[PDB]
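First comes the structure, then the notes that go with it.
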Amino acid sequence: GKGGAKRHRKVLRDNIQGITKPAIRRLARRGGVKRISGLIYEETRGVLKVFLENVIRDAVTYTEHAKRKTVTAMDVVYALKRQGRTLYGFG
Amino acid sequence: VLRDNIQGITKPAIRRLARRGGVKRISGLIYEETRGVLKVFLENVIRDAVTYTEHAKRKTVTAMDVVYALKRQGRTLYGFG
Amino acid sequence: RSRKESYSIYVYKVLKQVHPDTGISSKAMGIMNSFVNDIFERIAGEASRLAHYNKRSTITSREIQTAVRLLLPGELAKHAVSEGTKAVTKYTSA
Amino acid sequence: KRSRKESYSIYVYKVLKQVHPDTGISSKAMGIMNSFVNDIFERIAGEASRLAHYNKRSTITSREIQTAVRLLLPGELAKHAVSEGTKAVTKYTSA
Amino acid sequence: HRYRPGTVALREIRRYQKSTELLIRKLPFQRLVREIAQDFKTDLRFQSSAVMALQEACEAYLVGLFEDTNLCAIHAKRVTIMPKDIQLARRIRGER
Amino acid sequence: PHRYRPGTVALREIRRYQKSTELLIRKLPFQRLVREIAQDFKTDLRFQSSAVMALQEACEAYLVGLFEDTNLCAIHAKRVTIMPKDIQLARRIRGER
Amino acid sequence: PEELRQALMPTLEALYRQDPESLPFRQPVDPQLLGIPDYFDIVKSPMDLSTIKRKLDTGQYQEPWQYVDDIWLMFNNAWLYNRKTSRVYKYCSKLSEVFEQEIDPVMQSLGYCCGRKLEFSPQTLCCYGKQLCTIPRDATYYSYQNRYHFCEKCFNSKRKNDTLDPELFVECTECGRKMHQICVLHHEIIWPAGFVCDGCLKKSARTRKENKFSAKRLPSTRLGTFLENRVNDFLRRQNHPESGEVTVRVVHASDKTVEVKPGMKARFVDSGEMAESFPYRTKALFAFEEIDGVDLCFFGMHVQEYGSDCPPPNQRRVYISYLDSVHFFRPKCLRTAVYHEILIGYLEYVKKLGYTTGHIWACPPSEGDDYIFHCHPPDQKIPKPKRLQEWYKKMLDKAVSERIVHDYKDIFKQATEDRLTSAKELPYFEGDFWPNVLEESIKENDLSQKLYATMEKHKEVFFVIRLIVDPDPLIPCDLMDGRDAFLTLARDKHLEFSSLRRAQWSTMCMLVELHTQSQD
Amino acid sequence: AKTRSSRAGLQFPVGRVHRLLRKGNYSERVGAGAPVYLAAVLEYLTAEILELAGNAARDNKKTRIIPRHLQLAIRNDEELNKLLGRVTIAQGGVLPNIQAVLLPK
Amino acid sequence: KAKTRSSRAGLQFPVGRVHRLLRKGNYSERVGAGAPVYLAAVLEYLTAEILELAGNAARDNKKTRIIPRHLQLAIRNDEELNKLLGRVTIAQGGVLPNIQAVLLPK
DNA sequence: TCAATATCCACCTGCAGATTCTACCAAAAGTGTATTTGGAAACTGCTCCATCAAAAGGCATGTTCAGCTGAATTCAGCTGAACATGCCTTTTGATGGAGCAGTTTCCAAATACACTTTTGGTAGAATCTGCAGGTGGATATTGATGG
DNA sequence: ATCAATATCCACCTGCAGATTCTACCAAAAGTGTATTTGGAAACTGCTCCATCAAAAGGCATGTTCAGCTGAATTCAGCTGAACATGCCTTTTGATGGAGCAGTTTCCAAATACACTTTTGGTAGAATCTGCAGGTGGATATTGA
């Protein structure tokens with residue numbers, strides 16, 4: 001490729017560590033948590049990735065059912081509403 | 001025949017339900033609050049089921065209306081549908 | 001293009017009636033619109049299945065009343081039902 | 001007066017015979033089976049209508065009920081379910 | 001001869017987990033349902049199957065609830081349930 | 001040297017983050033995680049910015065709710081520090097586990 | 001060169017005006033500067049727009065074809081060392097389109113008919129060891145001495161078949177211009193005196209000698225005469241301004257025999273229940289039009305005729321084996337109708353001969369498959385099976401309205417009406433579906449149930465039409481003896497029907513070959 | 001020349017809600033009073049939660065209601081809270097709540 | 001002669017009845033031809049596997065007639081079917097035998 | 001490792017309940033014929049998504065230190081468990097009638113559809129306006145400093 | 001009890017993206033007006049099945065005791081919170097290619113809408129069959145002692 005690489009999909013990795021320690025600390029503080037053990041962070045990351053896998057799977061199956069290659073917000077709203085997470089401000 | 005049949009739900013009944021719930025030791029204050037939870041769920045099921053009842057212009061509640069109430073409360077019951 | 005309908009003007013009129021000197025933000029307005037849509041669809045489905053229960057093929061105000069009592073928790077319904085009645089009462093006045 | 005009530009009972013009985021020739025079902029458990037099959041029917045059909053409304057489609061066909069199978073039924077269950085569904089629609093089409 | 005505290009308890013645990021029979025006596029639950037229905041509308045008649053469905057559904061809900069409360073009591077390094085366990089279970093479930 | 005006792009600053013950020021509403025998880029790393037998950041599901045997908053924002057606010061809401069339940073469970077066990085058993089019990093009672 | 005500069009500069013300037021289409025090509029690309037070191041290691045000729053600009057300015061272009069070749073060559077090496085998703089790729093495509101649309105009339109002005117650097121389709125080759133299959137395209141092949149070719153599984157030089165054969169050229173007597181052979185339509189056999197361009201003929205007030213290889217000069221037959229008379233009468237009735245006379249010629253007619261397959265040979269003829277072979281007559285008729293004063297073949301049809309002196313059930317039966325056409329008929333709107341007329345007339349003709357039953361196998365070809373005409377036009381949408389069925393049904397209904405055809409049915413319903421009981425009562429035709437599938441299932445009412453299910457599976461595909469001394473003598477022709485020989489000649493000599501000019505050239509070559517085949 | 005919304009004293013559009021409930025194919029037949037009743041319930045809920053949001057905004061020395069005000073309004077009323085128990089308000093945050101044992105005491 | 005759509009698709013659940021119930025379900029004004037076939041196939045599949053699981057539970061329980069206890073044992077022991085019916089109560093099913101670790105002696 | 005007891009099983013035997021067979025027919029279901037239309041493909045306009053570029057500082061990351069919370073241990077008040085004893089509330093069967101449905105009439109009420117009027121979005125430009133963000137200094141909040 | 005190093009509260013003021021204010025169009029709503037259809041109101045009534053009561057019976061309600069569970073008091077290794085240095089990589093503004101989302105036409109394969117013949121599922125009555133619920137006999141871990 002002329003422009004830098006050539007069809008660089010850039011297969012992703014190590015993203016869950018992108019959810020940093022202070023980020024999980026802030027999420028816990030919004031939940032009223034005062035003290036956080038060291039092994040809380042990774043298992044909260046695990047819960048986060050489980051939830052994201054579920055919601056993204058539902059939304060993506062929604063989106064090939066719509067015959068689309070781009071994930072919109074409306075099918076996401078559908079996915080969470082089915083999963084028992086009714087969300088506002090997005091359609 | 002005795003009144004306030006909320007206490008009519010005998011304490012060994014709560015004991016047996018807790019045994020089915022896997023509980024081996026039951027505190028003295030457990031019985032009254034289990035009675036409270038039971039009765040609360042009870043007005044819920046009775047209220048929506050009887051509302052189904054006057055919706056049909058009937059004076060008798062049916063078991064199928066009970067199934068409606070349970071499934072609407074998210075507690076779908078099989079065997080009476 | 002295809003028009004996307006919303007309750008913007010009606011919710012704004014209600015807000016002006018109940019709070020003349022207050023404004024609403026865009027995100028809060030989207031929350032308002034999705035709220036009214038969710039209540040609409042939940043009540044519509046509940047009333048429709050009540051129609052299915054009694055082999056009733058027509059949607060009238062009665063099963064709408066029943067859905068309002070079932071879904072709206074207690075005191076809210078005690079007004080909601082009433083308000084609807086008043087509305088249909090006025091609709092049964094001309 | 002004789003008022004008939006409909007149920008998928010007898011078909012479930014043939015299904016049991018196909019899966020277990022020498023096994024029976026009691027009336028209570030059989031009503032359990034009927035309630036379960038009715039519940040699955042209602043959920044899948046409702047989800048199919050939900051997809052039809054979402055994708056602005058006015059006709060219910062096999063594609064969106066297949067999609068509802070993927071969304072609602074568990075992974076292995078959903079995959080194998082899509083399997084017999086495709087097999088059956090092709091068999092009926094070629095029939 | 002006296003069994004130690006817990007052996008008969010776990011025996012009843014196994015007995016009631018291996019059985020599915022009704023545990024709430026029919027008549028008191030029927031009477032309670034009667035007065036509860038009386039609190040909302042007067043002069044009602046109930047099907048026997050309606051009472052059975054109400055009772056069996058309620059035992060199922062409470063059995064799951066006591067599973068939850070046993071788990072919550074275990075969470076606090078305990079084997080006995082107390083009111084804080086039922087409050088925690090119901091709050092996490094979200095009925096309140 | 002001036003030093004605050006453990007807990008006072010904790011409650012400080014408690015009230016700060018219970019008063020504010022701005023997103024606490026960084027947008028770019030979360031979006032990278034979303035792209036990873038989608039690619040692991042289906043390759044060659046594109047994501048709208050509004051969709052990523054919906055996922056972000058939704059996951060923040062789910063996490064803060066689970067953290068409130070976790071704190072309630074921790075207080076139930078006569079503790080102030082959250083533990084793995086806390087979230088495990090909360091998720092089991094909620095019923096997704 | 002300065003006059004040539006004036007002639008060619010507007011097109012290059014118009015290419016320059018394309019912004020930002022021409023920007024990557026305005027300055028000489030350098031591998032180090034652009035960051036792509038592997039540019040000049042693959043292509044051996046570096047150039048750009050500025051190279052041709054300075055070549056024009058200096059004045060070393062002896063012929064405009066060098067200019068055209070250089071432009072198409074930078075286009076080729078641009079697409080070669082580029083991904084299709086890249087921006088320079090679409091810029092190169094747009095610049096090529098602009099070049100074509102600008103240079104065609106300008107190059108026409110200078111005297112050449114056109115100025116397109118054209119190449120033929122990838123010439124697929126054939127194997128030599130097994131003598132039955134061919135060399136696959138875009139796949140590994142082995143070649144020896146450029147005359148022997150083999151596939152991957154035959155022998156069990158290595159290359160993948162991607163070469164393109166360029167179009168040939170001819171030279172004028174008084175110009176020496178490298179004119180396209182196809183475009184000017186010059187054949188060595190037709191005019192041995194020498195190729196002369198139209199400009200020289202106009203200047204000298206001379207006209208080319210009349211072509212004696214035309215389709216009209218072909219020997220006439222009763223069937224061909226009847227078909228052409230019917231088509232011409234229909235066209236005269238329509239009276240469209242774009243309608244031209246149509247010539248239908250039967251170029252091959254020979255008696256042949258079809259043999260029974262061994263699977264049913266053991267079962268029936270050996271037991272004494274079915275004929276050992278069936279004699280028929282194969283015929284080849286083609287339709288031609290005079291478009292712009294040039295003959296063009298736009299239809300082909302292959303039939304098998306079993307007359308009265310034939311064992312049953314094949315007796316008195318006409319079967320359509322292969323039919324093909326190219327959509328260059330003028331006017332277009334009548335084209336389909338004209339085809340129907342042919343599909344009517346032949347039937348009526350055989351109805352005059354005493355034939356009873358007609359058979360049609362309505363199956364569209366697979367992707368990249370040609371029946372008679374090779375290299376169908378890319379824009380010629382091949383019909384789907386149901387559209388082809390409706391196409392045949394329209395012709396059948398039109399024939400019914402004319403009382404020529406009594407009725408038609410599917411083979412399953414025809415067998416049901418005929419109360420067929422054994423496979424020996426089914427008509428046998430050369431190359432048909434049934435002769436092969438009967439043997440195939442024999443390898444797999446013992447046989448009748450299978451056959452009935454097979455018709456039930458494919459009832460709509462087959463058409464049976466309920467409608468002998470032929471007055472036309474035999475016409476021996478090996479080239480038209482089946483579609484295979486014509487396809488082989490078209491592929492070997494590059495006789496393509498993709499374009500109108502190429503269709504005309506192929507028609508001329510085919511007519512010359514047919515006229516020279518009748519000389520012994 | 002009187003609209004159905006003005007005829008029954010409705011602020012939400014009776015025609016629009018009727019059309020939307022018909023378009024959802026909840027049924028084959030729909031009477032006239034049901035869309036009016038549903039619309040009326042809509043103004044009722046909208047009006048009460050707007051009062052709550054405006055009160056929250058006034059409590060926060062603000063004259064424009066924001067999603068934070070909506071969340072404070074919904075979560076501070078138990079009936080609207082149970083109406084929206086499985087519900088998240090985007091950019092609404094959570095109610096300020098600290099368990100007693102967390103406090104220094 | 002007049003093959004039923006269930007037999008035409010090789011299914012034992014009634015395609016026609018599913019089609020009729022989905023029509024009068026009012027989920028759409030129009031219904032496809034293959035939708036009842038596919039849906040009947042899905043319901044037959046679920047009923048099948050729950051039947052083999054219930055029969056296996058009955059055989060492990062030394063019984064030849066499947067009872068609701070066997071259905072509960074089958075559905076709860078399969079985690080996929082478990083979360084399929086994670087919010088559904090079965091009549092006369094009971095609960096899985098489960099004793100807690102801390103509640104155990106010694 | 002003797003001994004009392006709940007319970008798995010080896011066996012059994014009666015029955016409510018599950019299974020088999022004949023008959024009927026209104027209710028569905030498949031086939032036929034006509035009409036209607038939903039969205040596929042074919043083309044193309046156009047919003048927006050992925051990608052690249054560059055600067056910079058808000059917190060991410062890492063280390064240090066010690067505060068106190070989780071975890072372990074010990075032991076005492078006592079709340080429940082296990083069990084014997086007395087009775088008493090419940091279950092089951094039988095029996096009057098309150099209403100759930102089956103049948104018939106018919107009228108207020110809900111589609112169907114062709115016009116005709118009203119208006120909810122909404123492009124585009126203009127003015128208004130609540131609050132994001134930075135400044136500065138008054139006011140709790142914390143923690144351990146003199147004694 | 002006072003005091004100093006910080007976080008908190010908050011009034012004020014400026015620039016601006018977002019909130020609010022008119023013009024004009026207008027197709028999709030929204031409305032009004034007959035012809036048509038039928039869903040359900042209404043009255044009479046057969047038939048379930050639901051309320052009520054007496055005796056057979058299967059547990060439920062209380063007092064004792066102490067084994068063991070729960071909870072208070074003590075201690076400490078260590079870890080996670082508080083503060084800080086360094087810099088990174090995320091955030092914000094800008095532009096741009098173009099894959100792809102989306103609007104418009106055509107029109108056919110698939111849908112609906114009855115008419116009709118076929119078979120098929122639901123129900124009632126007889127009578128034979130059968131898995132299993134308990135009841136009796138050992139009797140086999142098993143747990144307290």
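Residue names in the structure tokens use chain letters A, B, ... in the order shown, residue numbers from 1 in each chain, and ligand numbers from 1 in the order shown.
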Taking the DSSP secondary structure from the backbone, can you list the residues of range 4-95 of chain F that are alpha helix (DSSP H), as a ChimeraX atom specification?
/F:8-19,27-41,49-76,84-94
Please, which residues in chain K fall within 10 Å of chain I when counting only C-alpha atoms (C1' of nucleotides), and what is the closest atom pair and distance in Å to one decimal for each, ordered by chain then residue number, as a Markdown table?
```
| residue | atom | partner | partner_atom | distance |
| --- | --- | --- | --- | --- |
| K:110 | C1' | I:32 | CA | 8.2 |
| K:111 | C1' | I:30 | CA | 7.1 |
| K:112 | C1' | I:30 | CA | 7.7 |
| K:118 | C1' | I:2 | CA | 8.4 |
| K:119 | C1' | I:2 | CA | 9.7 |
| K:131 | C1' | I:65 | CA | 6.9 |
| K:132 | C1' | I:63 | CA | 9.1 |
```
With only C-alpha atoms counted and 8 Å as the cut-off, give the residues of chain D in contact with chain I, each with its shortest interatomic distance in Å and the pair that gives it, as a Markdown table.
```
| residue | atom | partner | partner_atom | distance |
| --- | --- | --- | --- | --- |
| D:8 | CA | I:13 | CA | 7.6 |
| D:11 | CA | I:13 | CA | 5.5 |
| D:12 | CA | I:47 | CA | 7.3 |
| D:14 | CA | I:12 | CA | 7.3 |
| D:15 | CA | I:48 | CA | 6.5 |
| D:16 | CA | I:51 | CA | 6.6 |
| D:19 | CA | I:52 | CA | 6.6 |
| D:20 | CA | I:55 | CA | 7.5 |
| D:22 | CA | I:64 | CA | 7.8 |
| D:23 | CA | I:65 | CA | 5.7 |
| D:24 | CA | I:65 | CA | 5.2 |
| D:25 | CA | I:66 | CA | 5.5 |
| D:26 | CA | I:67 | CA | 6.4 |
| D:28 | CA | I:68 | CA | 7.3 |
| D:29 | CA | I:68 | CA | 4.9 |
| D:32 | CA | I:90 | CA | 7.2 |
| D:33 | CA | I:47 | CA | 7.8 |
| D:37 | CA | I:43 | CA | 6.5 |
| D:40 | CA | I:43 | CA | 7.0 |
| D:41 | CA | I:43 | CA | 6.9 |
| D:44 | CA | I:39 | CA | 8.0 |
| D:45 | CA | I:22 | CA | 7.2 |
| D:46 | CA | I:27 | CA | 6.8 |
| D:49 | CA | I:27 | CA | 5.5 |
| D:58 | CA | I:28 | CA | 6.8 |
| D:59 | CA | I:30 | CA | 5.2 |
| D:60 | CA | I:31 | CA | 4.9 |
| D:61 | CA | I:32 | CA | 4.4 |
| D:62 | CA | I:35 | CA | 4.3 |
| D:65 | CA | I:35 | CA | 7.0 |
| D:66 | CA | I:38 | CA | 7.7 |
| D:69 | CA | I:42 | CA | 8.0 |
| D:73 | CA | I:84 | CA | 6.8 |
| D:74 | CA | I:80 | CA | 5.7 |
| D:75 | CA | I:80 | CA | 7.9 |
| D:77 | CA | I:80 | CA | 7.8 |
| D:81 | CA | I:42 | CA | 5.6 |
| D:82 | CA | I:42 | CA | 7.7 |
| D:84 | CA | I:41 | CA | 6.3 |
| D:85 | CA | I:38 | CA | 4.6 |
| D:86 | CA | I:38 | CA | 7.3 |
| D:88 | CA | I:9 | CA | 5.1 |
| D:89 | CA | I:34 | CA | 5.9 |
| D:90 | CA | I:9 | CA | 7.9 |
| D:91 | CA | I:9 | CA | 5.1 |
| D:92 | CA | I:9 | CA | 4.3 |
| D:95 | CA | I:8 | CA | 5.6 |
```
Identify, on the basis of only C-alpha atoms (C1' of nucleotides), every residue whose closest approach to residue 2 in chain F does not exceed 10 Å; exclude the query and any residue fewer than 3 positions from it along the same chain; express the result as a list in words.
residues 5 of chain F; 142, 143 and 144 of chain J; 4, 5, 6 and 83 of chain K
Residues at most 10 Å from residue 71 in chain G, counting only C-alpha atoms (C1' of nucleotides), excluding those fewer than 2 positions away in the same chain, as an MDAnalysis selection string?
chainID G and resid 12 47:49 52 65:69 73:76 95:96 99 117
Could you pull the residues within 9 Å of residue 26 in chain F, counting only C-alpha atoms (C1' of nucleotides), minus those fewer than 6 positions along the same chain, as a compact mmCIF listing (two decimals) with C-alpha atoms (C1' of nucleotides), in the first residue's frame?
```txt
# COMPACT_ATOMS: atom_id res chain seq x y z
CA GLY A 18 -7.30 -0.20 28.64
CA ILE A 19 -9.89 -0.15 31.42
CA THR A 20 -7.35 1.26 33.85
CA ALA A 23 -11.24 4.01 35.83
CA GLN F 56 -20.24 3.64 27.03
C1' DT K 90 -5.89 10.15 24.90
```
Closest-contact table, chain F side, partner chain H, 8 Å, counting only C-alpha atoms, as a Markdown table:
```
| residue | atom | partner | partner_atom | distance |
| --- | --- | --- | --- | --- |
| F:15 | CA | H:96 | CA | 7.0 |
| F:18 | CA | H:96 | CA | 5.5 |
| F:19 | CA | H:96 | CA | 7.0 |
| F:20 | CA | H:93 | CA | 7.0 |
| F:21 | CA | H:93 | CA | 5.0 |
| F:22 | CA | H:91 | CA | 7.0 |
| F:57 | CA | H:90 | CA | 6.5 |
| F:58 | CA | H:88 | CA | 7.8 |
| F:61 | CA | H:88 | CA | 6.9 |
| F:75 | CA | H:101 | CA | 7.7 |
| F:80 | CA | H:102 | CA | 6.8 |
```
Give me, as a PyMOL selection string, the residues of chain K touching chain A, with the criterion being at most 10 Å (counting only C-alpha atoms (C1' of nucleotides)).
chain K and resi 79-81+99-101
Store the residues picked out above in a file with N, CA and C atoms (P, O5', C5', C4', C3', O3' and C1' of nucleotides), as a PDB file, in the first residue's frame.
```pdb
ATOM      1  P    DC K  79      -0.309  -8.162  50.750  1.00  0.00           P
ATOM      2  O5'  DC K  79      -1.673  -7.544  50.186  1.00  0.00           O
ATOM      3  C5'  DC K  79      -2.791  -7.367  51.059  1.00  0.00           C
ATOM      4  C4'  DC K  79      -3.435  -6.001  50.862  1.00  0.00           C
ATOM      5  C3'  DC K  79      -3.067  -5.284  49.571  1.00  0.00           C
ATOM      6  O3'  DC K  79      -4.127  -4.429  49.192  1.00  0.00           O
ATOM      7  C1'  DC K  79      -2.316  -4.005  51.374  1.00  0.00           C
ATOM      8  P    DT K  80      -5.170  -4.872  48.056  1.00  0.00           P
ATOM      9  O5'  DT K  80      -6.287  -3.730  48.110  1.00  0.00           O
ATOM     10  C5'  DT K  80      -6.852  -3.351  49.362  1.00  0.00           C
ATOM     11  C4'  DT K  80      -6.435  -1.941  49.744  1.00  0.00           C
ATOM     12  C3'  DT K  80      -6.546  -0.902  48.620  1.00  0.00           C
ATOM     13  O3'  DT K  80      -7.246   0.243  49.085  1.00  0.00           O
ATOM     14  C1'  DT K  80      -4.429  -0.784  49.639  1.00  0.00           C
ATOM     15  P    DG K  81      -7.980   1.226  48.045  1.00  0.00           P
ATOM     16  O5'  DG K  81      -7.768   2.675  48.684  1.00  0.00           O
ATOM     17  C5'  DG K  81      -8.121   2.911  50.041  1.00  0.00           C
ATOM     18  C4'  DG K  81      -7.265   4.014  50.642  1.00  0.00           C
ATOM     19  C3'  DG K  81      -7.207   5.307  49.833  1.00  0.00           C
ATOM     20  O3'  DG K  81      -7.191   6.419  50.713  1.00  0.00           O
ATOM     21  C1'  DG K  81      -5.027   4.454  50.099  1.00  0.00           C
ATOM     22  P    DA K  99     -14.386   2.157  -1.950  1.00  0.00           P
ATOM     23  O5'  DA K  99     -14.841   1.078  -0.861  1.00  0.00           O
ATOM     24  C5'  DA K  99     -14.314   1.140   0.459  1.00  0.00           C
ATOM     25  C4'  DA K  99     -15.429   1.085   1.489  1.00  0.00           C
ATOM     26  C3'  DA K  99     -16.581   0.142   1.144  1.00  0.00           C
ATOM     27  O3'  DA K  99     -16.959  -0.602   2.295  1.00  0.00           O
ATOM     28  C1'  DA K  99     -17.415   2.330   1.521  1.00  0.00           C
ATOM     29  P    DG K 100     -18.162  -1.664   2.218  1.00  0.00           P
ATOM     30  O5'  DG K 100     -19.444  -0.807   2.638  1.00  0.00           O
ATOM     31  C5'  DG K 100     -19.394   0.003   3.804  1.00  0.00           C
ATOM     32  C4'  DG K 100     -20.580   0.946   3.860  1.00  0.00           C
ATOM     33  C3'  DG K 100     -21.940   0.302   3.563  1.00  0.00           C
ATOM     34  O3'  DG K 100     -22.894   0.739   4.519  1.00  0.00           O
ATOM     35  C1'  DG K 100     -21.656   2.214   2.253  1.00  0.00           C
ATOM     36  P    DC K 101     -24.169  -0.170   4.877  1.00  0.00           P
ATOM     37  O5'  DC K 101     -25.276   0.894   5.323  1.00  0.00           O
ATOM     38  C5'  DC K 101     -24.927   1.956   6.208  1.00  0.00           C
ATOM     39  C4'  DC K 101     -25.794   3.179   5.957  1.00  0.00           C
ATOM     40  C3'  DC K 101     -27.286   2.888   5.796  1.00  0.00           C
ATOM     41  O3'  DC K 101     -28.058   3.886   6.452  1.00  0.00           O
ATOM     42  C1'  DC K 101     -26.478   3.990   3.865  1.00  0.00           C
TER      43       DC K 101
END
```
Between J:125, J:6, J:138, J:18, which has the minimum distance to chain D (counting only C-alpha atoms (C1' of nucleotides))?
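The shortest atom-to-atom distance to chain D comes from J:18.
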For a test of reading the model, state the distance in Å between CA of residue 48 in chain E and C1' of residue 48 in chain K, rounded to one decimal.
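These atoms are spaced 13.2 Å apart.
Distances here use only C-alpha atoms (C1' of nucleotides); by that measure, the residue among K:7, K:133, K:28, K:141 closest to chain F is K:7.
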Could you name the residues that touch residue 119 in chain G at 6 Å or less, counting only C-alpha atoms (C1' of nucleotides), but leaving out those on the same chain fewer than 4 positions away, as a short mmCIF file (atom, residue, chain, number, x, y, z; two decimals) with C-alpha atoms, in the first residue's frame?
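So the final result, stored in part34.cif, reads:
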```cif
data_model
loop_
_atom_site.label_atom_id
_atom_site.label_comp_id
_atom_site.auth_asym_id
_atom_site.auth_seq_id
_atom_site.Cartn_x
_atom_site.Cartn_y
_atom_site.Cartn_z
CA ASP G 165 -3.56 -11.67 -27.28
CA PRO G 166 -3.50 -8.22 -28.94
CA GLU G 167 -5.67 -7.32 -31.90
#
```
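Within 10 Å of chain E, and using only C-alpha atoms (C1' of nucleotides), the residues found on chain J are residues 4, 6, 80, 81, 82, 83, 89, 90, 91, 98 and 99 of chain J.
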